[PDB]
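Residue numbers (the entry's author numbering), protein chains in the order written: chain H, 3 to 328; chain D, 3 to 328; chain C, 3 to 328; chain A, 3 to 328.
Protein chains: 4
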Amino acid sequence: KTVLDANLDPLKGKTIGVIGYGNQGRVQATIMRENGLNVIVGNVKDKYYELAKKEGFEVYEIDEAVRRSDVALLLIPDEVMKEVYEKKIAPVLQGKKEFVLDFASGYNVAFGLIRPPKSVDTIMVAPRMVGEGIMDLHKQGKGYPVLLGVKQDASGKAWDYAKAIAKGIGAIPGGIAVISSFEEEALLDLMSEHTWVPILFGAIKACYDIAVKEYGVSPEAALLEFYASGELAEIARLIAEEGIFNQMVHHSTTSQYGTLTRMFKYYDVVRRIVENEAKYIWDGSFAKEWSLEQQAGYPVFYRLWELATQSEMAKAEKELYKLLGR
Amino acid sequence: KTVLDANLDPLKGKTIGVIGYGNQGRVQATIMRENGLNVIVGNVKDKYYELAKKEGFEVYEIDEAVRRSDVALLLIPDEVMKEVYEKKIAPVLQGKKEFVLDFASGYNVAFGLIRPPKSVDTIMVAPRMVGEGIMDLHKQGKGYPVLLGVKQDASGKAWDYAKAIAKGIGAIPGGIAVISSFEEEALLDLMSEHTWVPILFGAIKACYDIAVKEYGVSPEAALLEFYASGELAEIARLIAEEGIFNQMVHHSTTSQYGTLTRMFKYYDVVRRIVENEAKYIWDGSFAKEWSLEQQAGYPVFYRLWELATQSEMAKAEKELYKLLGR
Amino acid sequence: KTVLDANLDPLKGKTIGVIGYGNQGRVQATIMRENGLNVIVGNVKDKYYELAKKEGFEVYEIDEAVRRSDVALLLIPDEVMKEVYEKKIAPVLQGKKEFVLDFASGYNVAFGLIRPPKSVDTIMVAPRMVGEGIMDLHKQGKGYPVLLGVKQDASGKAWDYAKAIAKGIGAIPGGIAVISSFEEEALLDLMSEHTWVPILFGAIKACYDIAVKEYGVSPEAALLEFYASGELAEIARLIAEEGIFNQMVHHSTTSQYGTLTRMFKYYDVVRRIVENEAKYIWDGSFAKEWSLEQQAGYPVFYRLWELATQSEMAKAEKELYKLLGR
Amino acid sequence: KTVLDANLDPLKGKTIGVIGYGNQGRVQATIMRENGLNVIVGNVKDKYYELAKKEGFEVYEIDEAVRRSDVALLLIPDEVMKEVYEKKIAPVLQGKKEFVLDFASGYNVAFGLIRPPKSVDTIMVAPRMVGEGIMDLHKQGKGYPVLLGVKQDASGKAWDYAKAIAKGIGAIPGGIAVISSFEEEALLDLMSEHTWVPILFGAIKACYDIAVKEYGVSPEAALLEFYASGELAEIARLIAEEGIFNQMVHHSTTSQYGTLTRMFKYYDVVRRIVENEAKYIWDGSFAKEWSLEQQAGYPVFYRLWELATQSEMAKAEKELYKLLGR
Ligand SMILES: [Mg+2]
Ligand SMILES: [Mg+2]
Ligand SMILES: [Mg+2]
Ligand SMILES: [Mg+2]
Ligand SMILES: [Mg+2]
Ligand SMILES: [Mg+2]
Ligand SMILES: [Mg+2]
Ligand SMILES: [Mg+2]
């Protein structure tokens, strides 16, 4: 139920606009120039203004490139986007007869922090890669999977454009493209950062605090078996090629037994962590308190860095990295 | 312990100001002109500026009409009021020797979002009607009940003015006027919207989700017995004339039994919903998080509309209304 | 999955019987006479015997009209029906070769208090209206939705008759007709009276008892904001035309926020009230204790009227209605 | 707030009717004859018909004496009363222009098992005595306290009659008369039999079952210290003259200490027994299941006699009473 190839002639001929030359602009713009598209980099004058000029692009101010644009691509970070949509693009969108605007981030649109007008058809292309492996896969030849999705279709030409950009940026063919929504992309981007990542760090921290403080393990020997040596980077490489359970036939017989007997044991415990976290994002509740942490000036984001950089596990790895040569 | 008639000569002679020509300005201003009062409509130039000019009123800017005013009436909505009191009226209140200012909304004043000075005696007139039945009752002859209330009396002439406006707008005689506070009007306006309205919609939604998903009722037949036919509008008309329990002698004998045996049964369950909701508003807690939802940009107000307009009950009534001719 | 028109010739030609000239007999009989049907009113000699004679009908005793009937319609109340089916119709149903009998009330049949024989095909027509709006909609031209349903089909001609009466009484065309069962009509008639009606009265009663007894609101001011003024009749009229949530765009922004944040909050609390009430009726448990309250002589129905007519909220609205002129 | 004397001329001159010559008819009728009142005993022909004839009264059938009556007194038991009101008095009450009817039992009227018409003014006189001490106090000279109470006053002459009968039966002067309701007399008659009487028997039974079955007391020695000797009849005589706590100064110092330290200790435990029993009667719930026990044929009243007459405490006192000579 995915799409694999399409027509490039919808976005061809016209001049696509690119906003920001950041971590996607150094990546996605050069591929779109290679497919025969007039791309114009929008960026206010900073350090990133230079590299866009240095690598052969015509570059202008942010609100001026969307004037000369026909297809808009908005590749800027998520926490600065709401005020630059409102102070730069919001005065000029009232002159567009037909317009398409493209976000790589469902967080600002799905929770209604950015509401585009009727005439501006908003869509989404969300790359599933590091970003630092795109140009390698652009060099090698294959693609990379992306999520597509429409929010407002006031012309009927949404999927004429929604697949043509995924053809344009070199995602397909070679990779796939999954039709989805704006709301599902915002959920999977956030629930992966709220359910299985902070559980994982809190479990590696809790295995340090149990073994050192009770069982008398040396503080240098605990880190070498938890993350300071590479088993985490070894338990992660095999999932990308063989599967999640299918890499476990490269282990000892004992290691598969104690894993499988506990993975089905603690599943009901960790389901209630996840299912309470998913409704928390689905209500728009998390988008509110991340919007209030920015207005308060990050007092809770600041203290939790000092409680995490002065942890005993975070102190112990500091001297250990001045011992491995790192 | 209510008041029924008073003297009009306190607000007579001077020129009363009217701020905003909205849902009260199209209503309350024409009645005050009929009682022999110099009323002057304050409204910034918009669509509502036209109808105030179109129906024979002298109209000016918002902060300019309170200059020429002697008695101020502030009939503008509640969420825009704090910044237009602070940017338009707050520069000019420092020129008033004697002044009375009148709010139809206790929410902005009782929680201290609007603090008027000493010399400006603030009072309240709160109409108890639809608003769309005023001019009918103005046509017929009777009145409509209102809530009165003083907050700051720095002259002694508060109830000389607090009853004269209720005499002026045609509330009394014909209706009554209840002396109250600013804090009690803010409580009854909000606890009716927080206790028995969202319980009622959540109970009609829960009867759909029980009958369809379990007992195999047709999705078109469930709505015709819950709200799509008129029993709710039939169970509501008889309370306005006969009483809350006194309309139940127009029902079957079985319908009174199953109601009364359950109304006294679930009373202790729904008391704890109400009594926890009333202290939540009495602490000023709700006024805080409604003030933070506006600054965050309504992310939780936005998501809960999409969860309520994509409900299965809200989808099922859409096709049903393209079936009754509605 | 509803039916909109059918054939009238099944019930045409023969003489349909009508039992009782009550709240449906003054309504449903005159429409059936207008469609070219020989209707004969059955009623024992009382006050309702007169108006059936007064408005041009041939009228007889109850058990005698079903002798001359070919199609039976039984429009009598629910609490008297079991003994008049058993003492008047039960001697004479043993002479019918072919017969159809029609109840407007699923409560007596679905719980097995009335068990008709094999040869008597029992069906249901259940009007979804006030009853006092039928003749207006008969005057205007449109119809009104009804529930259909068969219980015993011992001829194959059930839906030949089950739609012909809905065509006969003027329900369709103009309204719809939903095919259902006897058991589903008894459930939706009773669970609306047991779940969201007695919760609603118990919540308006609990908002009086919280505001007056604790927060010091005046007892005359509490009723004017809960039901004595018309917002309940204003919050009910807009649901009949626009929808349940679609009428909330006629409100203030604050009123939609505090409603939607609490309607999704108390939904899990009020689901357990409903889902325990629906299995209580589905077991036939409620039909038992309403049958025992009648045999005990209503001692619990009597006391709960005195506890509800001597409530402080029910006392306070009495003097208030001698103050509005009501 | 009690009444002590009144006028006898309201019930004087006319002929008062007396229904039943039972435990009150052998008592209350002879006193009313002594005050100069035409009393006529109504009783169907049984054993009690004889003693009413034997002691000089004119006696008739039950429904015939209320024909010749002007003031009705209904001194018959409570479980037979509903069907003899309905089959004997209910045909003849439709001939009375003015009538007063008097019950000595609030249980049948307060729960609505007997509903008299408009023209029949129903009142209550409830004697507070054994019944077997009336004629002694009639011999000695003093009176006995009674409860008065009106239910329906459709003439204004209720308390003209409600005190004249208490003057007539020799209650006042010498005793008092307390104005009350029908509902309060039914509550105090039943909650004394449901709260402190069955707790008391269940506590004397539980002290037998603890001492014999565990602590090895002889089964003949346990009864002599609980009820078979007279301390219960000794702890009861002193309350009637001195008070409930004021009789405790006739005891040992130790007996007052262990009583008072435990009476305030178990008060919160036995309050929840009482307060759940009082709402059970106030809802009319007990009147329902006593009405259903009669229709079922007393299966639960029958088994609980056999479980109480075959108790080990009830067996042990049988041989003990063939040992004291009782
Ligand atoms: Mg991600
Ligand atoms: Mg290993
Ligand atoms: Mg309101
Ligand atoms: Mg009904
Ligand atoms: Mg109904
Ligand atoms: Mg409102
Ligand atoms: Mg007693
Ligand atoms: Mg002693």
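Idealized CB from N, CA, C, for every residue including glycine.
Closer than 8 Å to chain C by CB, residue i
i	result
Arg264 (chain D)	yes
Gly108 (chain A)	no
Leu76 (chain A)	no
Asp191 (chain D)	yes
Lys99 (chain A)	no
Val73 (chain D)	no
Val127 (chain D)	no
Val86 (chain D)	no
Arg239 (chain D)	yes
Closer than 7 Å at the beta carbon, the chain C residues around residue i
i	result
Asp80 (chain D)	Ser254 and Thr256
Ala289 (chain A)	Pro301
C-beta neighbour in chain A for residue i, strict 8 Å
i	result
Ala298 (chain C)	yes
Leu294 (chain C)	yes
Any C-beta of chain D under 8 Å from that of residue i
i	result
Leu150 (chain H)	no
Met131 (chain C)	yes
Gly260 (chain C)	yes
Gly232 (chain C)	yes
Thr124 (chain C)	no
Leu39 (chain C)	no
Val272 (chain C)	yes
Proximal residues of chain H, C-beta to C-beta of residue i below 7 Å
i	result
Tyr304 (chain D)	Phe113, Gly114 and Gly286
Per-residue contacts from residue i into chain C (C-beta, under 9 Å)
i	result
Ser183 (chain A)	Going along chain C, no residue has its Cβ under 9 Å from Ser183 (chain A), so there is no contact; the nearest lies around 11 Å.
Within chain D, the residues that residue i reaches when beta carbons sit closer than 8 Å
i	result
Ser220 (chain C)	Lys3, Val180, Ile181, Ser182 and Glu186
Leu325 (chain C)	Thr4 and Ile178
Proximal residues of chain D, C-beta to C-beta of residue i below 7 Å
i	result
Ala224 (chain C)	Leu190
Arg328 (chain C)	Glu243
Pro147 (chain C)	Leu226 and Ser231
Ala310 (chain C)	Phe247 and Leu262
Residue i: contacting residues in chain D (beta-carbon distance under 9 Å)
i	result
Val68 (chain C)	The premise fails here: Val68 (chain C) is roughly 24 Å from chain D at the closest Cβ pair, so nothing lies under 9 Å.
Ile167 (chain C)	Chain D residues near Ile167 (chain C): none, gap ~18 Å exceeds 9 Å.
Proximal chain C residues relative to residue i, where beta-carbon distance stays under 8 Å
i	result
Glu319 (chain D)	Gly245 and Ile246
With three or more C-beta pairs closer than 8 Å as the rule, is the region 113–126 of chain H touching the region 299–315 of chain H? no
Enumerated in chain order, which unbroken segments of the alpha helix (DSSP H) with a length of 4 residues or greater are wholly contained in the region 77–153 of chain C? Complete alpha helix (DSSP H) runs here, min 4: 83–86, 109–112 and 136–142.
Can you pull out the residues from the region 195–212 of chain D whose beta carbon lies closer than 8 Å to at least one beta carbon of chain C? Residues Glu195, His196, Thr197, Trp198, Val199, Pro200, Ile201, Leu202, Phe203, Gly204, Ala205, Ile206, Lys207, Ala208, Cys209, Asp211 and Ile212.
Meets three-Cβ-pair contact criterion under 8 Å: the region 256–275 of chain D and the region 241–253 of chain C: no
Mind pulling the alpha helix (DSSP H) runs of 4 or more residues that sit fully within the region 217–296 of chain D? 221–228, 234–239, 255–265 and 269–284, all fully within the region 217–296 of chain D.
Report yes or no: do three or more beta-carbon pairs, one from the region 84–101 of chain H and one from the region 274–290 of chain D, lie closer than 8 Å? no
Inter-stretch contact at 8 Å, needing at least 3 Cβ pairs: the region 38–47 of chain A / the region 14–23 of chain A: Counting C-beta pairs closer than 8 Å gives three or more between the region 38–47 of chain A and the region 14–23 of chain A, which meets the contact rule.
What are the complete alpha helix (DSSP H) segments, minimum 4 residues, inside the region 295–323 of chain H? 302–311 and 314–323
So does the region 198–207 of chain C actually touch the region 262–275 of chain D, counting three or more Cβ pairs closer than 8 Å? yes
Using 8 Å as the threshold, is the region 20–36 of chain A in touch with the region 72–87 of chain A, meaning 3 or more CB pairs across them? yes
Sufficient close CB pairs (3 or more, under 8 Å) joining the region 140–150 of chain D to the region 158–174 of chain D: These segments touch.
Kindly confirm or deny that the region 207–225 of chain C and the region 181–195 of chain C touch, where touching means at least three C-beta pairs closer than 8 Å. no
Touch check for the region 310–323 of chain A and the region 218–228 of chain A: three-plus C-beta pairs under 8 Å? yes
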